[PDB]
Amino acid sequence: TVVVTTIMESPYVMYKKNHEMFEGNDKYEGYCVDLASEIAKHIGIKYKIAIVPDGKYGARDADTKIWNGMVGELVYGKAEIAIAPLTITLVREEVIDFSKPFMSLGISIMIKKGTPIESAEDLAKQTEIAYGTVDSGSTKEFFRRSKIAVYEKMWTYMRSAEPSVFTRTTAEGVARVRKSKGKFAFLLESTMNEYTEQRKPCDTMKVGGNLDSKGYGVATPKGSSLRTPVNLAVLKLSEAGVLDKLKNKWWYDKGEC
């Protein structure tokens, strides 16, 4: 049996109605739950879903040099494969292997319906509408690292802002948009943005184009025998239409708006 690490994040992995009545993998449903099933079928493995104990994706602490989250579990040999909306980034690729993207995306702007913002350039040129990102992930690092004037102006604002503009989770950020009467805008990945837009009470929307271009990859530890099988499986699922089918299913078929 192969340990598959993942994280609670809608609609990728979620708890079924009364998971208690269910056992093991049957407790969870979602996009990555479906993805895991399909990949495991393709590569012919038995697998077990283990939610990353610390509820994190993967960063390396600057002082201690330890890797946390799902990346951590791979690096320290606690799991064999990570199947989650885990953004393909250089620092991560330096320590683990990513398959080709199973999903393509870019950073995007979530507003509450009615907010006079259509673009990053709209956000930067004002201070009346607060804006931020989820804390400690790839979006914040895009802004931290950016050398593009507009995003640099956005990073300086976000980093100095009191109260903090950074959220623990996507859901927190979404909650703050909905609850802030148009005074908070949220910078998150287009995939969660598009998802939320189709969720009651339908008071949110995506605005403007994406600030960048990247994808999510299935991750394994360096030297893993499961590397090539996993990668050829993503390409197979992609080409067979199965990835598109799964996005349509969890985003739009289950959509509420």
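Start at 1 with the first residue shown and count on from there.
For the segment pair 31-39 and 201-209, the entry gives 201-209 the higher mean B-factor, averaged over Cα atoms.
The mean Cα B-factor in the deposited entry runs higher for 127-135 than for the other of 127-135 and 94-102. Comparing the listed residues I111, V174, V75, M158, the entry records the largest Cα B-factor for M158. Remark: of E20, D244, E9, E239, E20 shows the highest value [criterion: C-alpha B-factor in the PDB entry]. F184 sits in the middle third of its chain by CA B factor, as recorded in the PDB entry.
In the deposited entry, the Cα temperature factor of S164 places it in the middle third of its chain's modelled residues. Per the deposited record, the Cα B-factor of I81 falls in the highest third when ranked against the other modelled residues of its chain. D54: CA B factor in the lowest third of modelled residues in this chain (values from the PDB entry).
When the CA B factors of the chain's modelled residues are split into thirds, the value for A149 lands in the highest one.
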